[PDB]
Amino acid sequence: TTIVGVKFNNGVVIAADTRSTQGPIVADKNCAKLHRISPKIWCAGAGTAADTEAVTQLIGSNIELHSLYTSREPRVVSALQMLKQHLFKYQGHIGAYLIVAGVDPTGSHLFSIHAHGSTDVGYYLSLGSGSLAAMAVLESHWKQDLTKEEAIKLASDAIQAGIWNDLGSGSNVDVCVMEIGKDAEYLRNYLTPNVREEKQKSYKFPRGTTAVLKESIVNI
Amino acid sequence: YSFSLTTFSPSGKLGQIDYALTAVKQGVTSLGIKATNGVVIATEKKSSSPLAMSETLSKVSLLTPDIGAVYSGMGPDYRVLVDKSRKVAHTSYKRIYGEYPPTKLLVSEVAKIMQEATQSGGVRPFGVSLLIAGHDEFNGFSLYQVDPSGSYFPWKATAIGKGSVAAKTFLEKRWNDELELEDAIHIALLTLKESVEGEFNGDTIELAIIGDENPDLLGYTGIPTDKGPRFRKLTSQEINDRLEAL
Amino acid sequence: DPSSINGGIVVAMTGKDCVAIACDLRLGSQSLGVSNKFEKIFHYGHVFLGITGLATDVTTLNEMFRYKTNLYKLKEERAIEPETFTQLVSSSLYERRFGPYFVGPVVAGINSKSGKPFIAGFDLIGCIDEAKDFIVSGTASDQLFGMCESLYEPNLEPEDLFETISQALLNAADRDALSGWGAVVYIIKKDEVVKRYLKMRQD
Amino acid sequence: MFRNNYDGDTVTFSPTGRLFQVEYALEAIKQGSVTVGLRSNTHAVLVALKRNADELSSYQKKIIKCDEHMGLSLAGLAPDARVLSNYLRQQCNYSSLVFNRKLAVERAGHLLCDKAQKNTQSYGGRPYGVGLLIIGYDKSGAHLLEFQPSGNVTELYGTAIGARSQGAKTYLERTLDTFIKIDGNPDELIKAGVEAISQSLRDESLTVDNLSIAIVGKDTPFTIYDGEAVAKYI
Amino acid sequence: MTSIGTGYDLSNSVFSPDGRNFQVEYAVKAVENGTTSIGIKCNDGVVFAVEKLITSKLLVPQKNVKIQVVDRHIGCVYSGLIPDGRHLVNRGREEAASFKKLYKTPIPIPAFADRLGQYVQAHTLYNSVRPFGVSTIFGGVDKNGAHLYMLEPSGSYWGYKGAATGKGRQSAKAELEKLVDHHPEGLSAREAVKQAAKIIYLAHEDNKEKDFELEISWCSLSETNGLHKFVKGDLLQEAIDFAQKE
Amino acid sequence: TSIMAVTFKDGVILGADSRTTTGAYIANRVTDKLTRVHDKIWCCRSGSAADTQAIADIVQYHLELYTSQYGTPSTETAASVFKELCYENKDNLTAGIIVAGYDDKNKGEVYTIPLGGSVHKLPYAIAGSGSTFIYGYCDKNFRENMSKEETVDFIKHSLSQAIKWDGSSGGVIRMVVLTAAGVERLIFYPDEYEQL
Amino acid sequence: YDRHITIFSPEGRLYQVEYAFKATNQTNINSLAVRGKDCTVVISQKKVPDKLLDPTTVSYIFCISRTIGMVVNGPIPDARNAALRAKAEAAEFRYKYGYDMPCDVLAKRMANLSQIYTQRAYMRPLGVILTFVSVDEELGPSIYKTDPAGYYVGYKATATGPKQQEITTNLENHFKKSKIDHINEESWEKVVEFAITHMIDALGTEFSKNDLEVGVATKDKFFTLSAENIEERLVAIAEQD
Amino acid sequence: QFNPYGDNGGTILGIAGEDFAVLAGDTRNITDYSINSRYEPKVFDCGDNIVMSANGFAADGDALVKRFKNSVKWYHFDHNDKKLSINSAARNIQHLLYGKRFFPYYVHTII
Amino acid sequence: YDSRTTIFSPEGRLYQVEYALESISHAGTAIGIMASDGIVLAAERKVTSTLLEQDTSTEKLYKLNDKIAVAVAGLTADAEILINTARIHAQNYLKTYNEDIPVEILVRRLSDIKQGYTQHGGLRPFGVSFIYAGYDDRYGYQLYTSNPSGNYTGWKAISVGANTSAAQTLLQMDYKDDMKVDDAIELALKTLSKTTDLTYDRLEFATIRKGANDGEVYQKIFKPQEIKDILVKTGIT
Ligand SMILES: [Mg+2]
Ligand SMILES: [Mg+2]
Ligand SMILES: [Mg+2]
Ligand SMILES: [Mg+2]
Ligand SMILES: [Mg+2]
Ligand SMILES: [Mg+2]
């Protein structure tokens with residue numbers, strides 16, 4: 001998996017590759033790694049896929065209740081504290097590793113979080129098996145005060161680095177753009193640089209190719 | 001106090017539930033009207049001081065994106081039910097199915113909560129009746145009343161609280177099964193105008209609708225399959241607008 | 001590991017206004033084949049669930065889901081849809097995060113309202129494979145991946161989908177010591193479901 | 001008549017701030033038979049009058065050893081006395097096992113107080129309806145304590161509790177200057193005690209059957225005399 | 001006043017129609033039957049004194065100590081049902097130890113005051129207990145100097161220059177007030193000791209029928225290094241002689 | 001990690017490197033190991049980042065509660081709270097924490113709490129993987145009652161050397177200054193400290 | 001039962017709650033809270049007649065958090081029970097959610113605890129009215145007040161006490177005239193002065209520095225005034241030469 | 001890895017005569033090759049003419065003797081100072097020991 | 001003292017149970033009639049306004065599973081609690097045995113829950129009476145009632161709620177020991193017609209009968225218009 005986060009002058013951008021792997025096998029070639037905690041708070045996950053998805057949902061649910069209760073827009077720091085405290089309580093055994101990004105009434109935020117419950121903050125971050133390739137790009141091309149279009153390009157280049165160089169990563173780029181003062185902009189398959197070429201033939205069998213012992217109608 | 005405080009009397013009636021209803025009957029009028037393309041729920045905002053800011057309180061509450069509620073009776077009982085109702089929608093439904101509960105089942109959970117207060121040791125029943133307006137994909141629009149007993153009934157239209165007898169009557173005359181949301185809103189206003197003693201504007205009236213999905217209230221774009229919320233509360237401005245050209 | 005003691009496979013595929021789901025019939029204990037009739041595919045209303053892995057959990061999950069869906073139908077007053085059932089399976093599995101059922105479930109079905117074909121897979125703790133061409137599971141999942149990626153094409157008619165998912169299952173199974181020993185195939189459309197028992201090698 | 005409205009439980013003050021359930025508990029002691037305690041600087045002594053149910057029955061024990069250097073006598077509810085003296089035995093024992101330390105009599109009284117107090121402030125139970133006279137010999141010498149149902153424990157040179165106990169208590173006040181000086185002379189301290197309890201007899205006499213005596217002091221472990229052991233003093 | 005609140009004075013934590021808790025006020029009547037106790041805040045410390053009634057000559061002198069220490073730096077004296085007083089001090093000892101365990105520094109006096117207060121008011125919350133039948137005078141030295149407090153059966157407490165409770169409290173308060181008026185520049189600890197003895201002596205005229213014994217303690221920066229100590233030996237006798245001269 | 005805290009004439013200064021590694025990968029090159037738990041009570045973190053963040057968080061909560069109830073907590077009290085958490089959970093923490101504060105009476109204070117949860121008040125303290133290399137340097141260069149500038153220099157020189165020898169240390173040098181005048185944050189970049 | 005525990009009377013009323021309201025006037029002192037442009041001021045009478053008291057320990061104002069102040073109308077021990085609870089809630093909130101508890105959120109929370117005592121038989125209501133103030137990071141200057149019924153609401157301004165209708169009407173009149181919902185002064189001192197002046201007016205009494213206590217919320221913190229600062233305020237409004 | 005057990009050496013010896021019994025022990029207490037004490041008694045008079053030694057891990061031995069002496073104290077409280085007979089002491093010591101069957105006193109007891 | 005729910009009166013009577021029964025005698029009437037080849041459940045609705053949403057509700061009859069339904073009389077919210085435990089009990093039995101639950105076994109369990117509240121715990125009893133209609137292969141078609149006493153009995157025909165004695169009399173009059181499910185329907189409608197204090201909007205109706213297509217058992221919760229069309233054909237139009 002390759003996920004990154006990139007802050008820009010007026011918001012934050014999050015991005016991920018789209019390959020999920022059962023061992024050295026690809027189960028899903030067009031998976032969705034960009035999850036919504038709340039309308040303007042989004043997160044990308046690596047590590048144990050079930051933990052990443054479950055913990056996303058748990059906090060999202062609670063953030064929603066919190067928001068309804070307090071009559072306030074959910075804050076990224078709230079997702080942060082709730083997640084890290086939950087992950088810490090479980091002493092690493094929930095193998096979630098997340099980059100969480102967002103905008104809220106206090107501004108725009110970017111955090112990473114690891115299974116044991118530790119968190120970092122910065123202007124650009126990466127996680128997952130392809131994070132070294134992505135971080136090499138970020139370390140080469142980041143600059144302060146990116147425009148939206150520049151942070152999209154940079155984050156998208158970083159995911160690409162993992163797609164091309166990390167066997168753990170592949171297929172497409174997904175981005176979400178969270179700008180201050182606007183609706184979060186989720187771009188599913190922003191890039192699709194890995195379409196299968198046309199096969200050499202169709203493998204449709206002539207009807208009756210397959211031997212049947214018995215047949216019957218099932219009633220729903 | 002590990003015993004029921006609601007018990008049967010020789011006439012078979014349960015006093016604490018009856019007295020709970022009395023509290024409800026004493027509350028500010030609120031009402032609901034079901035249209036063909038929506039539902040409306042409404043109430044008056046009696047401010048118990050002019051120095052109070054009534055906007056900081058909300059008698060009409062969003063429960064899910066497609067379900068809202070209003071009440072007559074004891075406000076704090078209501079506030080607390082609202083908190084419980086939002087949570088049970090996540091804990092017994094959304095976290096299992098990844099979907100918000102349909103209206104009738106969420107009504108059913110709140111009913112359970114209220115029934116329990118009429119049987120468990122050491123507690124009085126809730127002193128509110130709720131009207132609950134919702135939409136769901138397989139039942140469409142609905143409207144329910146829940147009582148302190150935990151009983152609930154589906155309505156085409158009804159009123160509760162102080163001026164409910166006249167309001168139910170007014171609603172009987174004006175209601176037909178072809179109202180569009182806008183008719184139902186209009187009728188709700190005319191109805192609330194009888195009950196309202198004192199000021200009557202967008203600032204003493206609370207009003208919400210369950211209607212069409214609002215993609216503009218979603219907060220994000222990109223998932224086209226993602227439905228906007230059907231619940232919307234009307235602004236002060238929007239309510240006054242209708243009031244002038246009443 | 002528990003997920004390879006009993007053996008067996010499941011595969012599901014989408015086609016034009018149809019879905020299909022298939023499984024082998026084997027239940028063994030390591031190298032000893034024991035049952036020649038252990039089907040791995042169940043249904044709750046119009047939603048199909050296939051399950052590979054530890055046979056005792058296969059059976060347990062079935063009963064658990066029949067239980068849950070029956071209550072659903074009673075309370076909701078309508079039968080559960082494949083999308084909703086998929087989430088239910090996920091959360092039921094995750095509930096046992098640290099002592100999981102050793103299974104690889106697969107869901108197939110057609111939404112009664114959209115008429116849209118639906119499939120999904122899960123890891124043993126509920127992670128959802130949202131993929132919508134094919135889903136594979138079991139001790140020959142490698143073989144199945146290979147067969148499906150090769151044989152599959154989208155929008156097959158049911159009669160053609162039947163040949164495709166059959167050949168995928170049959171050929172994957174014959175390269176796996178722990179799978180095979182018979183098979184069943186369901187072709188599912190809106191108004192009709194056909195179950196078929198395939199002829200295959202018995203070694 | 002008015003008291004009737006405020007005396008239902010130990011958790012209710014009367015309008016003058018009485019706890020009648022605790023006051024009633026005090027009355028339970030008067031249903032017991034008399035017991036006396038007294039002391040000098042070297043010894044502490046208990047004397048009890050034991051009751052029988054009739055001529056076919058035994059006489060009921062009134063004196064309970066709690067440790068080598070501590071014991072008590074009781075008047076009132078027998079079960080209560082069993083509960084509170086077992087509690088004391090446990091506290092003495094705890095002091096020994098953990099600290100290799102004899103529980104001071106003053107500390108024994110405080111522990112007893114706190115336990116009884118709790119019964120007077122919470123709904124559910126009742127005050128203890130028994131009186132205890134506690135004697136001991138610790139690092140600060142010889143001691144006598146009186147325990148009340150209210151939990152209150154008082155350190156005294158001498159006292160008496162139970163039915164008709166006023167006579168003995170008057171005699172002990174009257175003889176105070178003398179008995180507190182009986183040092184190195186245990187039989188003489190006992191004689192003073194028997195004499196005191198005698199003031200509480202009404203047309204009845206002290207016998208080898210009804211008279212119980214206890215003593216503790218310097219080099220003298222807590223010892224209980226009954227039966228023929230009391231004859232020399234009769 | 002209606003001293004007896006008929007129908008509302010039969011169980012603790014019940015509000016009378018005028019918003020009183022009669023059980024708490026009754027608990028106060030028991031405090032008023034207790035022996036007199038006082039506290040005097042002085043320049044760098046605090047002093048405590050109590051009247052001890054010699055009910056019988058059978059009491060052994062200088063035993064039956066009433067003033068209690070909490071931690072090493074706090075004194076407590078109370079009037080009323082003495083065992084309620086020990087009960088409260090036991091709680092204070094745990095609270096103090098618990099504070100000292102987490103935070104290392106000895107519990108500050110206002111912090112200690114509030115622990116006792118919350119515990120005492122917690123006993124006005126439920127009918128399953130009764131209020132404390134003591135008023136407690138207590139305090140000591142901390143990083144902020146000398147502090148003296150009095151705490152009533154209601155849980156109410158405040159800081160004081162001088163405090164008196166028990167049977168002879170009116171007399172004592174009057175002398176405490178003269179003392180205040182007469183010493184705007186302050187009172188040394190030694191002075192406060194003597195003055196305390198005088199005051200207990202004057203208050204005793206309410207229990208004049210019985211003899212009494214005087215008990216005095218203090219906590220002072222210069223005299224006891226901010227630890228609680230019982231006033232004994234010459235200083236005690238000097239105060240006893242002084243009190244008697246008046 | 002290379003963390004230290006140094007009392008001086010006007011208060012106390014905390015210093016730290018900014019490197020967090022997992023394996024040989026620098027997961028964060030600009031970590032902020034200088035963590036605030038009250039106004040003029042801060043701490044330096046070494047060990048498991050999950051553990052030290054989790055500890056500091058709960059300690060900040062305890063001191064917030066302390067403040068609303070009892071008033072301003074002392075530096076010692078903060079060290080007490082850390083110690084209690086580190087000692088009691090010793091079997092499940094890897095935390096090496098230096099607690100440092102200012103107040104008007106003591107001026108600057110420093111308490112180091114090593115693995116295991118013992119606590120030691122000191123005129124200065126060094127900790128973390130990188131501190132081993134600077135024991136001799138710090139011993140020979142520390143004086144009591146240095147000025148602010150002399151103290152900044154001592155730490156800059158100290159941590160520069162620890163960063164030089166320790167693979168687990170590097171990045172920028174962070175400093176926090178606690179005095180009567182308030183709280184000041186400093187930063188020094190490789191091109192400055194690497195020349196000393 | 002219905003005169004003793006929180007169960008319904010036949011008129012659907014809760015007597016113990018009603019009686020709990022009566023308790024709130026027992027200390028016979030009034031408070032008022034007013035909002036400025038950028039501050040919130042709370043003011044309450046202070047009556048310390050017994051000369052043996054340390055007046056500096058007599059207070060019905062409490063610093064709940066760095067930003068939230070509270071003033072209570074009612075007996076001090078119920079007052080201090082609530083104050084302790086709110087302080088704990090506010091700390092827990094910051095720990096769990098990673099930001100400072102808003103004033104209205106703390107008020108709602110305490111309102112809910114309060115409604116629970118009206119529903120569960122074994123707990124009695126607190127006999128108190130809690131006025132919460134802050135300059136909230138999102139809502140600006142804020143006043144939220146809770147009662148023994150579990151009710152709360154936000155206020156432009158408010159007053160609580162035996163003479164609360166007097167002070168209330170004094171404020172309403174001013175806010176009618178003024179056409180804004182707060183006092184247009186940036187200086188918290190001028191806002192405090194305003195509040196003292198209008199309380200003097202409504203109660204028909206003058207005040208010395210010992211007759212009141214004052215809390216002030218700003219964006220940075222909530223704080224209380226020493227008797228010395230209060231005096232300085234009293235001088236600012238002195239009309240005699 | 002905490003080892004809760006130790007070995008303190010020592011040897012004990014009981015012989016019964018017709019109208020007497022003898023319980024002997026050495027007074028040396030050891031840890032590995034060191035001498036902790038040249039005189040630390042390990043045979044104890046427990047009252048009622050009962051003598052006892054619990055030899056091996058001295059911490060368990062002391063604990064066991066302590067518990068037994070206490071057992072006597074309570075026997076006397078319960079039965080008006082009735083002598084605990086030796087066979088009765090033995091059965092009781094059986095129960096003290098088997099009470100810790102899954103974390104035993106690492107000692108050899110003689111009475 | 002009759003406030004206390006688990007103590008005997010001096011006549012060995014249980015007051016709260018008796019008063020709960022009084023409450024039920026004021027609820028909407030429910031009938032159940034067993035035919036040779038089916039069962040009929042009918043409930044007259046307590047509440048009537050013209051604004052009540054009569055379709056999409058059914059709040060007196062409830063499916064417990066494919067083979068068993070109940071008719072309620074009493075607090076509807078009380079009922080829902082017990083209905084939900086029953087549906088769960090039926091599913092547990094199916095999960096344990098892989099068979100549908102025998103009607104009497106489901107009935108006995110709910111009766112036991114009701115009984116419990118009468119002997120321990122200090123909580124008021126549920127204010128509901130149930131008529132259970134069900135089929136199983138052991139006993140075929142069955143009809144039971146249960147009440148807050150926790151007692152249950154089997155019936156060939158029965159009523160609960162208001163005017164019960166009037167209803168019982170009519171049923172005693174026109175019940176043949178082996179009728180046909182279509183007649184039992186007619187009888188049910190007539191009997192509710194003779195005691196109503198009667199239109200489709202005030203009725204809920206259900207049947208359990210051999211599907212005739214084929215050999216299987218079917219539960220029909222009649223829709224409002226279905227109730228209309230069956231109200232005319234039996235001459236109550
Ligand atoms: Mg596999
Ligand atoms: Mg094979
Ligand atoms: Mg073979
Ligand atoms: Mg380095
Ligand atoms: Mg209550
Ligand atoms: Mg024997």
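Sequence lines set the chain letters: A, B, ... in the order given, protein chains first and strands last, and positions in each chain run from 1. Only this structure's heavy atoms are used, side chains among them; waters, hydrogens and symmetry mates stay out. Both counts, for ligands and for their atoms, begin at 1 and track the order of listing.
Checking H/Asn87 against the Mg ion (ligand 6), every N/O/S atom stays at or beyond the 2.8 Å cut-off. The distance from the Mg ion (ligand 2) to the nearest N/O/S atom of C/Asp176 is under 2.8 Å. Taking 2.8 Å as the criterion, C/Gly180 does not count as a coordinating residue of the Mg ion (ligand 2), since none of its N, O or S atoms falls below it.
Between the side chain of D/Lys65 and the backbone N or O of H/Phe77 there is no donor-acceptor pair closer than 3.5 Å. A donor-acceptor contact shorter than 3.5 Å is absent between the side chain of H/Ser88 and the backbone of H/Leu84.
When the N, O or S atoms of C/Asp203 are ranked by distance to the Mg ion (ligand 3), O comes first.
Here C/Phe42 and C/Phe65 keep their ring centres 6.0 angstrom or further from each other. Outside the 6.0 Å centre-distance limit, the rings of D/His69 and D/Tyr137 are not counted as a close aromatic pair.
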